[PDB]
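Working notes, beginning with the structure itself.
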Amino acid sequence: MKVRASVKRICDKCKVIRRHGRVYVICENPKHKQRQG
Amino acid sequence: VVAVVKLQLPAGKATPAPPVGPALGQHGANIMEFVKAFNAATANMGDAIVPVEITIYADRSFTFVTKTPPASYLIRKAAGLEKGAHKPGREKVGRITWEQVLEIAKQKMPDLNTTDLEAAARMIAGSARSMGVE
Amino acid sequence: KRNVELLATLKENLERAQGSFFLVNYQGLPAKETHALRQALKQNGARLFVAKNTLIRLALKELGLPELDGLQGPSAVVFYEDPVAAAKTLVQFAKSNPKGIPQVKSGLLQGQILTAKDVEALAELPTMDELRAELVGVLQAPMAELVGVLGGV
Amino acid sequence: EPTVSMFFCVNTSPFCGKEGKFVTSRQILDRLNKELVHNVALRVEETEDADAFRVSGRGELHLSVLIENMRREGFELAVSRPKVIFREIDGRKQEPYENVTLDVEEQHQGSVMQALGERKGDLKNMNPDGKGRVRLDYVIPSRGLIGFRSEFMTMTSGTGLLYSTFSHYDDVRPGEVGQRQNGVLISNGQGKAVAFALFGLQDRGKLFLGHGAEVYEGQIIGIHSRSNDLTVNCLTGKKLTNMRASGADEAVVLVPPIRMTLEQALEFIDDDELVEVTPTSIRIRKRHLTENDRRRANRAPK
RNA sequence: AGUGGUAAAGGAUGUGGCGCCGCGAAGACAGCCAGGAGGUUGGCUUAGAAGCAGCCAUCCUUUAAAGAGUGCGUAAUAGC
């Protein structure tokens with residue numbers, strides 16, 4: 001999943017991953033694919 | 001073969017429905033309807049957490065003997081905890097006499113971790129709190 | 001802030017209530033199995049802080065403040081520190097030896113120990129599972145000050 | 001004597017007239033008895049409604065064979081659908097209750113105890129054994145048994161048999177034994193499916209028919225995103241047209257079924273949605289077409 | 001970052017900077033080891049709570065110091 005915005009993590013322990021100016025949240029639940037870069 | 005499992009039934013009744021029980025009569029045990037045999041035993045034990053609790057031999061069998069009530073339950077067993085009849089509390093039939101807790105054990109303080117020369121002062125403060133006697 | 005006034009003011013208090021404590025690495029025991037060797041401590045002993053599983057640096061270094069001759073017997077690995085001072089250390093040593101020995105692969109090994117004032121030797125702490133009821137030093141005096149008439153018989 | 005039961009009736013609806021030449025009761029009856037000859041696992045029973053029958057077959061799919069063969073012959077009929085009677089009688093459903101475990105294989109102990117326990121399926125007793133399985137008699141009533149056979153076979157995967165009967169006429173208790181989730185989308189009148197009509201409220205769940213698909217009242221045309229039921233409408237699809245003027249724009253599309261099966265729509269019912277079938281089509285409407293008419297029977301307490 | 005070399009709302013374990021919080025060398029945190037303690041065992045529901053099913057409980061003893069048990073869960077329970 002992605003969104004040019006939003007992202008305030010989620011899966012209770014959803015990870016704030018720094019990758020290529022790529023605000024990408026990584027978790028253990030596909031539901032959180034947080035791609036906002 | 002051989003290997004039994006742990007279990008905790010009630011202290012008074014004997015009817016073996018869901019406690020004696022898909023538990024014993026499965027993972028490892030014998031026969032069922034442990035109720036009829038439970039009444040002839042739990043009858044003299046059941047009103048303060050009594051563990052024995054539930055096993056199964058090569059018969060299987062059986063009732064008789066027991067353990068008693070868990071610590072707290074056995075410590076404030078002489079209360080009534082008649083409450084809980086609605087939500088978590090909370091009105092009518094609450095106290096159980098400041099001395100009662102001590103008088104109730106007193107004896108009701110033999111089988112316990114390591115040892116305890118008092119289950120009405122320090123033991124009660126704990127269990128009693130779980131019920132409502134904080 | 002923060003380790004000093006708290007806990008540290010009790011580690012030397014419950015371990016200084018006398019002069020005859022020990023040390024044993026207790027831990028390799030399940031909550032249930034562990035609550036048996038410790039909870040029963042009251043039986044073989046008497047609440048004697050038989051090493052309530054202190055830790056390190058706190059118990060070892062603690063010797064400084066109190067100056068218990070520095071129980072330099074074994075600070076590494078687990079550190080229980082059997083408080084034989086706060087109870088009745090002497091012959092009960094056995095009540096704790098067989099228990100944490102005849103059950104499971106080495107229930108709980110021993111460490112250091114102070115004999116009234118001296119340092120209990122590692123190899124000279126176990127074999128003494130039964131604290132010499134003083135009879136020992138008395139089993140070679142009166143029966144050794146009147147036995148030249150027994151070979152006198 | 002196998003099991004299952006699919007009440008039968010007459011498409012006494014409005015759409016005429018209609019399938020082929022056999023929709024009334026007479027023609028139907030002739031077929032019923034005709035089946036009570038060859039069929040060995042079939043058990044035709046007579047209900048109250050002159051247009052209802054309790055077709056007691058064997059397997060959930062079994063009843064399908066007879067239904068599927070009915071169409072190709074030219075005879076539309078709804079499913080199941082013979083309900084029960086709340087008696088007797090002062091009163092509150094005194095039907096019976098009989099359960100039976102279906103070993104197991106402890107690979108369903110938690111997959112079967114849920115449905116039963118969730119549907120009042122009181123486990124009067126779970127006779128276990130040393131083998132590996134374990135019976136489970138759940139005094140269930142005819143109200144919480146329907147369709148159960150189907151989903152059941154999907155839980156234990158065939159390896160799971162258990163019937164019942166009754167222990168004593170109850171009163172249905174106080175709770176409903178379903179009643180199915182995701183309300184069914186009903187129509188508001190006969191006409192035809194309008195792209196501009198089915199476009200609006202399309203994300204509110206799924207759709208059944210298409211366009212110009214011109215159904216009628218009571219006939220379901222999809223399921224609601226929730227449990228509540230409604231009766232939308234459209235043809236209309238409106239409205240045309242121009243000028244002026246042009247040129248932009250927009251051109252909504254729409255997805256199709258979602259259609260089928262039967263077999264995939266029948267068990268979809270719950271209250272009274274006679275799966276009106278035909279020798280070339282299969283519809284599904286509520287026991288009460290007219291919306292305001294449904295409220296007449298419900299009417300709840302007290 | 002190529003911002004240089006147009007942009008806001010707003011988003012962020014960016015970069016660097018405060019002026020500040022944790023240091024029980026009674027030697028720290030992520031990494032480690034093992035125990036994860038006995039009354040903890042209904043209150044309803046007990047088909048099950050006997051923390052890991054819903055309407056609150058806020059006590060006790062007891063030591064690794066103590067989970068009125070933050071969490072994977074079903075039939076309780078049992079395991080992490």
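For the structure tokens, the naming scheme is as follows: chains receive sequential letters (A, B, ...) according to their order of presentation, residues are indexed from 1 within each chain, and ligands are indexed from 1 in presentation order.
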Worksheet item: Taking only C-alpha atoms into account, what are the residues of chain C at most 6 Å from chain B, put as an MDAnalysis selection string?
Response: chainID C and resid 36 39:40
Discussion item. Using only C-alpha atoms (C1' of nucleotides), I'd like every residue of chain A that has an atom within 10 Å of chain E; please write them out as a list in words.
Written reply: residues 4, 5, 6, 7, 8, 9, 15, 16, 17, 18, 21, 23, 24 and 36 of chain A
Grab the residues selected above and save them as a PDB file, in the first residue's frame with N, CA, C and O atoms.
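The file below, selection07.pdb, is the result:
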```
ATOM      1  N   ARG A   4       0.772   9.358  -1.099  1.00  0.00           N
ATOM      2  CA  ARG A   4       1.640  10.524  -1.071  1.00  0.00           C
ATOM      3  C   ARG A   4       1.273  11.287   0.184  1.00  0.00           C
ATOM      4  O   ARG A   4       0.815  12.418   0.075  1.00  0.00           O
ATOM      5  N   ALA A   5       1.444  10.681   1.354  1.00  0.00           N
ATOM      6  CA  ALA A   5       1.106  11.357   2.601  1.00  0.00           C
ATOM      7  C   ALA A   5       0.732  10.417   3.717  1.00  0.00           C
ATOM      8  O   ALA A   5       1.118   9.259   3.716  1.00  0.00           O
ATOM      9  N   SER A   6      -0.032  10.952   4.667  1.00  0.00           N
ATOM     10  CA  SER A   6      -0.522  10.229   5.835  1.00  0.00           C
ATOM     11  C   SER A   6       0.574   9.600   6.718  1.00  0.00           C
ATOM     12  O   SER A   6       1.401  10.301   7.310  1.00  0.00           O
ATOM     13  N   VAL A   7       0.550   8.270   6.802  1.00  0.00           N
ATOM     14  CA  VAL A   7       1.486   7.459   7.583  1.00  0.00           C
ATOM     15  C   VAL A   7       1.829   7.919   8.988  1.00  0.00           C
ATOM     16  O   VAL A   7       2.632   8.822   9.193  1.00  0.00           O
ATOM     17  N   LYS A   8       1.175   7.287   9.950  1.00  0.00           N
ATOM     18  CA  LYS A   8       1.421   7.512  11.361  1.00  0.00           C
ATOM     19  C   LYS A   8       1.452   6.082  11.875  1.00  0.00           C
ATOM     20  O   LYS A   8       0.748   5.745  12.827  1.00  0.00           O
ATOM     21  N   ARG A   9       2.257   5.251  11.206  1.00  0.00           N
ATOM     22  CA  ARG A   9       2.434   3.823  11.527  1.00  0.00           C
ATOM     23  C   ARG A   9       1.093   3.199  11.887  1.00  0.00           C
ATOM     24  O   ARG A   9       0.054   3.817  11.670  1.00  0.00           O
ATOM     25  N   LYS A  15       6.781  -0.222  11.864  1.00  0.00           N
ATOM     26  CA  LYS A  15       8.083   0.406  11.669  1.00  0.00           C
ATOM     27  C   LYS A  15       8.281   1.564  10.720  1.00  0.00           C
ATOM     28  O   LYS A  15       7.955   1.460   9.551  1.00  0.00           O
ATOM     29  N   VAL A  16       8.913   2.615  11.238  1.00  0.00           N
ATOM     30  CA  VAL A  16       9.252   3.826  10.491  1.00  0.00           C
ATOM     31  C   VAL A  16      10.572   3.619   9.745  1.00  0.00           C
ATOM     32  O   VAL A  16      11.641   3.975  10.252  1.00  0.00           O
ATOM     33  N   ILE A  17      10.496   3.105   8.516  1.00  0.00           N
ATOM     34  CA  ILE A  17      11.704   2.829   7.742  1.00  0.00           C
ATOM     35  C   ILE A  17      12.161   3.900   6.756  1.00  0.00           C
ATOM     36  O   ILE A  17      11.443   4.366   5.833  1.00  0.00           O
ATOM     37  N   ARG A  18      13.414   4.248   6.990  1.00  0.00           N
ATOM     38  CA  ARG A  18      14.154   5.241   6.265  1.00  0.00           C
ATOM     39  C   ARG A  18      14.772   4.581   5.040  1.00  0.00           C
ATOM     40  O   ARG A  18      15.680   3.766   5.170  1.00  0.00           O
ATOM     41  N   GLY A  21      14.826   8.617   0.957  1.00  0.00           N
ATOM     42  CA  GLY A  21      13.933   9.770   1.072  1.00  0.00           C
ATOM     43  C   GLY A  21      12.524   9.230   1.039  1.00  0.00           C
ATOM     44  O   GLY A  21      11.515   9.936   1.117  1.00  0.00           O
ATOM     45  N   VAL A  23       9.861   7.424   2.604  1.00  0.00           N
ATOM     46  CA  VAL A  23       9.199   7.368   3.871  1.00  0.00           C
ATOM     47  C   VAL A  23       8.470   6.063   3.686  1.00  0.00           C
ATOM     48  O   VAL A  23       7.346   6.037   3.144  1.00  0.00           O
ATOM     49  N   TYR A  24       9.104   4.977   4.120  1.00  0.00           N
ATOM     50  CA  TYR A  24       8.488   3.671   3.936  1.00  0.00           C
ATOM     51  C   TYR A  24       8.339   2.925   5.254  1.00  0.00           C
ATOM     52  O   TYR A  24       9.305   2.657   5.942  1.00  0.00           O
ATOM     53  N   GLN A  36       5.174   6.006   1.115  1.00  0.00           N
ATOM     54  CA  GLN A  36       4.808   7.415   0.895  1.00  0.00           C
ATOM     55  C   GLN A  36       5.963   8.261   0.401  1.00  0.00           C
ATOM     56  O   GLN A  36       6.189   9.376   0.880  1.00  0.00           O
TER      57      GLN A  36
END
```
Worksheet item: Expressed in Å to a single decimal, how great is the separation between atom CA of residue D:108 and atom CA of residue D:134?
Response: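 For atom CA of residue D:108 relative to atom CA of residue D:134, the distance reads 10.2 Å.
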Taking only C-alpha atoms (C1' of nucleotides) into account, produce a table as CSV in which each residue of chain C with an atom at most 6 Å from an atom of chain E appears once, together with its shortest atom pair and the distance in Å to one decimal, ordered by chain and rising number.
```
residue,atom,partner,partner_atom,distance
C:1,CA,E:24,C1',5.8
C:2,CA,E:24,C1',3.6
C:3,CA,E:24,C1',1.4
C:4,CA,E:26,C1',3.9
C:8,CA,E:26,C1',3.9
C:27,CA,E:35,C1',5.7
C:28,CA,E:34,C1',5.6
C:29,CA,E:35,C1',5.8
C:30,CA,E:35,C1',5.1
C:31,CA,E:37,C1',4.1
C:32,CA,E:37,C1',5.7
C:35,CA,E:37,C1',5.4
C:53,CA,E:64,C1',5.7
C:58,CA,E:26,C1',5.3
```
Discussion item. Considering only strand (DSSP E) as DSSP defines it on the backbone, what residues of stretch 60-244 of chain D qualify? List them as a list in words.
Written reply: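 In stretch 60-244 of chain D, DSSP puts these residues in strand (DSSP E): residues 123, 124, 125, 137, 138, 184, 185, 186, 220, 221, 222 and 223 of chain D.
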Could you save the residues just selected, with N, CA, C and O atoms, as an mmCIF file, in the first residue's frame?
```
data_model
loop_
_atom_site.group_PDB
_atom_site.id
_atom_site.type_symbol
_atom_site.label_atom_id
_atom_site.label_comp_id
_atom_site.auth_asym_id
_atom_site.auth_seq_id
_atom_site.Cartn_x
_atom_site.Cartn_y
_atom_site.Cartn_z
ATOM 1 N N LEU D 123 -23.780 -27.917 23.665
ATOM 2 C CA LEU D 123 -23.140 -29.227 23.671
ATOM 3 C C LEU D 123 -23.577 -30.049 24.879
ATOM 4 O O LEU D 123 -22.853 -30.149 25.869
ATOM 5 N N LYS D 124 -24.766 -30.636 24.789
ATOM 6 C CA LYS D 124 -25.302 -31.450 25.872
ATOM 7 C C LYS D 124 -24.243 -32.396 26.428
ATOM 8 O O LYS D 124 -24.367 -32.893 27.547
ATOM 9 N N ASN D 125 -23.201 -32.638 25.640
ATOM 10 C CA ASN D 125 -22.118 -33.524 26.052
ATOM 11 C C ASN D 125 -21.173 -33.851 24.901
ATOM 12 O O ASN D 125 -21.610 -34.112 23.780
ATOM 13 N N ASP D 137 -22.581 -33.868 20.845
ATOM 14 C CA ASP D 137 -24.028 -33.747 20.709
ATOM 15 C C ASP D 137 -24.511 -32.370 21.149
ATOM 16 O O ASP D 137 -24.523 -32.055 22.340
ATOM 17 N N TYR D 138 -24.908 -31.550 20.181
ATOM 18 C CA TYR D 138 -25.391 -30.205 20.466
ATOM 19 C C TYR D 138 -26.883 -30.082 20.172
ATOM 20 O O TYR D 138 -27.285 -29.875 19.027
ATOM 21 N N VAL D 184 -29.670 -8.697 2.131
ATOM 22 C CA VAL D 184 -29.866 -8.950 0.708
ATOM 23 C C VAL D 184 -30.505 -7.750 0.018
ATOM 24 O O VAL D 184 -31.488 -7.192 0.504
ATOM 25 N N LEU D 185 -29.939 -7.357 -1.119
ATOM 26 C CA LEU D 185 -30.451 -6.223 -1.879
ATOM 27 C C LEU D 185 -31.711 -6.602 -2.651
ATOM 28 O O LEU D 185 -31.680 -7.474 -3.519
ATOM 29 N N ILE D 186 -32.817 -5.940 -2.329
ATOM 30 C CA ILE D 186 -34.089 -6.206 -2.991
ATOM 31 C C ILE D 186 -34.453 -5.085 -3.958
ATOM 32 O O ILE D 186 -33.915 -3.981 -3.875
ATOM 33 N N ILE D 220 -34.298 -10.147 -5.284
ATOM 34 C CA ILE D 220 -33.000 -9.657 -4.835
ATOM 35 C C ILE D 220 -32.074 -9.388 -6.017
ATOM 36 O O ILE D 220 -32.084 -10.121 -7.006
ATOM 37 N N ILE D 221 -31.275 -8.332 -5.906
ATOM 38 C CA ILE D 221 -30.341 -7.963 -6.964
ATOM 39 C C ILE D 221 -28.971 -7.615 -6.391
ATOM 40 O O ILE D 221 -28.335 -6.652 -6.820
ATOM 41 N N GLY D 222 -28.523 -8.405 -5.421
ATOM 42 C CA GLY D 222 -27.234 -8.183 -4.790
ATOM 43 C C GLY D 222 -27.322 -8.166 -3.277
ATOM 44 O O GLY D 222 -28.414 -8.163 -2.710
ATOM 45 N N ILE D 223 -26.167 -8.155 -2.622
ATOM 46 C CA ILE D 223 -26.112 -8.139 -1.165
ATOM 47 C C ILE D 223 -25.623 -6.790 -0.647
ATOM 48 O O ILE D 223 -24.812 -6.124 -1.291
#
```
Under the rule of at most 9 Å, produce a per-residue listing of chain B near chain E: chain, number, name, the closest pair of atoms, and the distance in Å, as CSV, using only C-alpha atoms (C1' of nucleotides).
```
residue,atom,partner,partner_atom,distance
B:7,CA,E:77,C1',8.3
B:8,CA,E:41,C1',7.4
B:18,CA,E:47,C1',6.6
B:19,CA,E:76,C1',8.2
B:22,CA,E:75,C1',8.0
B:23,CA,E:77,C1',8.1
B:49,CA,E:41,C1',6.0
B:50,CA,E:41,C1',8.2
B:51,CA,E:41,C1',8.2
B:69,CA,E:39,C1',8.5
B:70,CA,E:39,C1',5.2
B:71,CA,E:39,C1',2.6
B:72,CA,E:39,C1',3.8
B:73,CA,E:39,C1',6.6
B:74,CA,E:39,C1',7.3
B:75,CA,E:39,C1',7.4
B:81,CA,E:43,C1',8.3
B:82,CA,E:43,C1',8.8
B:83,CA,E:43,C1',6.7
B:84,CA,E:43,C1',3.5
B:85,CA,E:44,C1',6.6
B:86,CA,E:44,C1',6.6
B:87,CA,E:55,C1',4.0
B:88,CA,E:56,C1',3.3
B:89,CA,E:56,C1',6.1
B:90,CA,E:56,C1',8.3
B:112,CA,E:38,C1',6.4
B:113,CA,E:38,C1',4.5
B:114,CA,E:38,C1',7.9
B:116,CA,E:61,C1',7.8
B:118,CA,E:61,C1',8.2
B:119,CA,E:61,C1',6.9
B:120,CA,E:60,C1',8.4
B:121,CA,E:60,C1',7.4
B:122,CA,E:60,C1',4.4
B:123,CA,E:60,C1',3.8
B:124,CA,E:60,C1',5.1
B:125,CA,E:60,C1',4.1
B:126,CA,E:60,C1',2.8
B:127,CA,E:60,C1',5.9
B:128,CA,E:59,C1',5.6
B:129,CA,E:59,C1',3.0
B:130,CA,E:59,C1',5.9
B:131,CA,E:57,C1',7.0
B:132,CA,E:57,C1',6.8
B:133,CA,E:59,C1',7.0
B:134,CA,E:59,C1',4.7
```
Who sits within 6 Å of residue D:285, only C-alpha atoms (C1' of nucleotides), same chain under 4 positions skipped, as an mmCIF file with N, CA, C and O atoms, in the first residue's frame:
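Output contents, as saved in out-v5.cif:
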```
data_model
loop_
_atom_site.group_PDB
_atom_site.id
_atom_site.type_symbol
_atom_site.label_atom_id
_atom_site.label_comp_id
_atom_site.auth_asym_id
_atom_site.auth_seq_id
_atom_site.Cartn_x
_atom_site.Cartn_y
_atom_site.Cartn_z
ATOM 1 N N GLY D 218 -39.432 -7.427 -4.693
ATOM 2 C CA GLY D 218 -39.096 -8.550 -3.840
ATOM 3 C C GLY D 218 -37.873 -9.302 -4.327
ATOM 4 O O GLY D 218 -37.130 -9.880 -3.532
ATOM 5 N N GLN D 219 -37.662 -9.294 -5.639
ATOM 6 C CA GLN D 219 -36.522 -9.979 -6.236
ATOM 7 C C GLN D 219 -35.207 -9.333 -5.811
ATOM 8 O O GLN D 219 -35.022 -8.125 -5.956
ATOM 9 N N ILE D 220 -34.298 -10.147 -5.284
ATOM 10 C CA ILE D 220 -33.000 -9.657 -4.835
ATOM 11 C C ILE D 220 -32.074 -9.388 -6.017
ATOM 12 O O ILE D 220 -32.084 -10.121 -7.006
ATOM 13 N N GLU D 273 -36.676 -16.241 1.352
ATOM 14 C CA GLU D 273 -36.242 -15.821 0.025
ATOM 15 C C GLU D 273 -36.332 -16.970 -0.974
ATOM 16 O O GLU D 273 -35.317 -17.435 -1.491
ATOM 17 N N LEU D 274 -37.553 -17.421 -1.241
ATOM 18 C CA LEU D 274 -37.777 -18.515 -2.178
ATOM 19 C C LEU D 274 -36.956 -18.330 -3.449
ATOM 20 O O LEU D 274 -37.200 -17.410 -4.229
#
```
Item to complete: Give me the residues within 7 Å of residue A:14 as a list in words, counting only C-alpha atoms (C1' of nucleotides) and dropping any in the same chain fewer than 4 places off.
Response: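 Returned residues: residues 9, 10, 25, 26 and 27 of chain A.
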Worksheet item: DSSP on the backbone: what in stretch 188-249 of chain D comes out alpha helix (DSSP H), as a PyMOL selection string?
Response: chain D and resi 195-198
For the residues in that selection, give me C-alpha atoms as an mmCIF file, in the first residue's frame.
```cif
data_model
loop_
_atom_site.group_PDB
_atom_site.id
_atom_site.type_symbol
_atom_site.label_atom_id
_atom_site.label_comp_id
_atom_site.auth_asym_id
_atom_site.auth_seq_id
_atom_site.Cartn_x
_atom_site.Cartn_y
_atom_site.Cartn_z
ATOM 1 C CA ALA D 195 -26.537 1.420 -15.911
ATOM 2 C CA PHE D 196 -27.302 4.861 -14.480
ATOM 3 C CA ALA D 197 -29.398 3.157 -11.802
ATOM 4 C CA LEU D 198 -27.026 0.377 -10.744
#
```
Discussion item. Near chain E, meaning an atom within 12 Å, which residues of chain D appear when counting only C-alpha atoms (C1' of nucleotides)? Write them as a list in words.
Written reply: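 Per the criterion, chain D yields residues 106, 107, 108, 109, 110, 111, 112, 113, 114, 116, 117, 118, 120, 121, 122, 123, 124, 125, 126, 136, 137 and 138 of chain D.
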Prev. selection, N, CA, C and O atoms, output as a short mmCIF file (atom, residue, chain, number, x, y, z; two decimals), in the first residue's frame:
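Saved as out_24.cif:
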```cif
data_model
loop_
_atom_site.label_atom_id
_atom_site.label_comp_id
_atom_site.auth_asym_id
_atom_site.auth_seq_id
_atom_site.Cartn_x
_atom_site.Cartn_y
_atom_site.Cartn_z
N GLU D 106 -8.73 -33.96 15.94
CA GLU D 106 -8.77 -32.71 16.69
C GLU D 106 -8.43 -31.52 15.80
O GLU D 106 -7.97 -30.49 16.28
N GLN D 107 -8.67 -31.67 14.50
CA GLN D 107 -8.40 -30.61 13.54
C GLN D 107 -9.67 -29.83 13.20
O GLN D 107 -9.72 -29.13 12.19
N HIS D 108 -10.68 -29.97 14.05
CA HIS D 108 -11.95 -29.28 13.84
C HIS D 108 -12.67 -29.04 15.16
O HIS D 108 -13.77 -28.48 15.19
N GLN D 109 -12.05 -29.46 16.25
CA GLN D 109 -12.63 -29.30 17.58
C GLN D 109 -12.97 -27.83 17.86
O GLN D 109 -13.94 -27.53 18.55
N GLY D 110 -12.15 -26.94 17.31
CA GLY D 110 -12.36 -25.51 17.49
C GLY D 110 -13.06 -24.87 16.31
O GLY D 110 -13.45 -23.70 16.37
N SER D 111 -13.21 -25.63 15.23
CA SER D 111 -13.86 -25.13 14.03
C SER D 111 -15.33 -25.54 13.99
O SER D 111 -16.13 -24.96 13.25
N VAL D 112 -15.69 -26.53 14.80
CA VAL D 112 -17.06 -27.02 14.86
C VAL D 112 -17.76 -26.52 16.12
O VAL D 112 -18.98 -26.31 16.12
N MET D 113 -17.00 -26.35 17.19
CA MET D 113 -17.55 -25.88 18.46
C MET D 113 -17.97 -24.42 18.37
O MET D 113 -18.78 -23.95 19.16
N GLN D 114 -17.41 -23.70 17.40
CA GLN D 114 -17.72 -22.29 17.21
C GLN D 114 -19.14 -22.12 16.67
O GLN D 114 -19.97 -21.45 17.29
N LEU D 116 -21.66 -24.24 16.42
CA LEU D 116 -22.65 -24.76 17.36
C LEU D 116 -22.86 -23.81 18.53
O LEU D 116 -23.99 -23.41 18.82
N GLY D 117 -21.77 -23.44 19.19
CA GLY D 117 -21.83 -22.54 20.32
C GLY D 117 -22.31 -21.15 19.93
O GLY D 117 -22.92 -20.44 20.74
N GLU D 118 -22.05 -20.77 18.69
CA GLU D 118 -22.46 -19.46 18.19
C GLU D 118 -23.92 -19.46 17.77
O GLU D 118 -24.55 -18.41 17.66
N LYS D 120 -26.27 -21.27 19.49
CA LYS D 120 -26.97 -21.84 20.63
C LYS D 120 -26.68 -23.34 20.76
O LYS D 120 -27.03 -23.96 21.75
N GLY D 121 -26.03 -23.89 19.74
CA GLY D 121 -25.69 -25.31 19.74
C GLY D 121 -25.13 -25.77 21.07
O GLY D 121 -23.93 -26.01 21.20
N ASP D 122 -26.01 -25.90 22.06
CA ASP D 122 -25.61 -26.34 23.39
C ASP D 122 -25.07 -27.77 23.36
O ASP D 122 -25.80 -28.71 23.06
N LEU D 123 -23.78 -27.92 23.66
CA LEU D 123 -23.14 -29.23 23.67
C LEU D 123 -23.58 -30.05 24.88
O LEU D 123 -22.85 -30.15 25.87
N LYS D 124 -24.77 -30.64 24.79
CA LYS D 124 -25.30 -31.45 25.87
C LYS D 124 -24.24 -32.40 26.43
O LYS D 124 -24.37 -32.89 27.55
N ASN D 125 -23.20 -32.64 25.64
CA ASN D 125 -22.12 -33.52 26.05
C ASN D 125 -21.17 -33.85 24.90
O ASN D 125 -21.61 -34.11 23.78
N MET D 126 -19.87 -33.84 25.19
CA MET D 126 -18.86 -34.13 24.18
C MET D 126 -18.13 -35.43 24.50
O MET D 126 -16.98 -35.41 24.95
N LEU D 136 -19.80 -34.89 19.71
CA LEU D 136 -20.26 -33.59 20.19
C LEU D 136 -21.75 -33.40 19.92
O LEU D 136 -22.14 -32.84 18.89
N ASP D 137 -22.58 -33.87 20.85
CA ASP D 137 -24.03 -33.75 20.71
C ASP D 137 -24.51 -32.37 21.15
O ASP D 137 -24.52 -32.06 22.34
N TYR D 138 -24.91 -31.55 20.18
CA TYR D 138 -25.39 -30.20 20.47
C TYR D 138 -26.88 -30.08 20.17
O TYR D 138 -27.28 -29.88 19.03
#
```
Worksheet entry | Who sits within 8 Å of residue C:83, only C-alpha atoms (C1' of nucleotides), same chain under 3 positions skipped, as a PyMOL selection string | chain C and resi 14-15+20-23+48-52+86-87
Fill in: Atomic distance atom CA of residue D:205 - atom CA of residue D:235, expressed in Å with one decimal
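Those two atoms sit 19.0 Å apart.
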Worksheet item: So what do you get for atom CA of residue D:177 versus atom CA of residue D:62, distance-wise?
Response: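 Rounded to one decimal, the two atoms are 24.2 Å apart.
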Worksheet entry | All residues 6 Å or closer to residue B:45, only C-alpha atoms (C1' of nucleotides), same chain fewer than 2 positions away omitted, as a list in words |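 So the residues in contact are residues 11, 12, 42 and 43 of chain B.
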Could those residues be written to a file, using C-alpha atoms, as a compact mmCIF listing (two decimals), in the first residue's frame?
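New file again_26.txt:
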```txt
# COMPACT_ATOMS: atom_id res chain seq x y z
CA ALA B 11 -15.12 -28.60 45.65
CA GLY B 12 -18.52 -30.15 46.33
CA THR B 42 -15.76 -32.76 46.59
CA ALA B 43 -18.77 -32.83 48.92
```
List every residue of chain D that has an atom at most 8 Å from any atom of chain B, giving for each one its closest atom pair and the distance in Å to one decimal, counting only C-alpha atoms, sorted by chain and then by ascending residue number, as CSV.
```
residue,atom,partner,partner_atom,distance
D:125,CA,B:17,CA,6.6
D:126,CA,B:22,CA,6.7
D:127,CA,B:22,CA,7.5
D:128,CA,B:26,CA,5.9
D:129,CA,B:26,CA,5.7
D:130,CA,B:26,CA,5.6
D:132,CA,B:26,CA,7.8
```
Discussion item. If we count only C-alpha atoms (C1' of nucleotides) and set the cut-off at 7 Å, which residues sit around stretch 95-104 of chain C, ignoring sequence neighbours fewer than 5 positions away in its own chain? Please answer as a list in words.
Written reply: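 My list of contacting residues is residues 37, 44 and 129 of chain C.
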The selected residues should be written to file as an mmCIF file, in the first residue's frame (atoms: C-alpha atoms).
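Output below, filename out_20.cif:
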```cif
data_model
loop_
_atom_site.group_PDB
_atom_site.id
_atom_site.type_symbol
_atom_site.label_atom_id
_atom_site.label_comp_id
_atom_site.auth_asym_id
_atom_site.auth_seq_id
_atom_site.Cartn_x
_atom_site.Cartn_y
_atom_site.Cartn_z
ATOM 1 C CA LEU C 37 13.928 -25.096 47.355
ATOM 2 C CA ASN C 44 15.925 -26.651 56.622
ATOM 3 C CA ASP C 129 26.371 -30.699 54.279
#
```
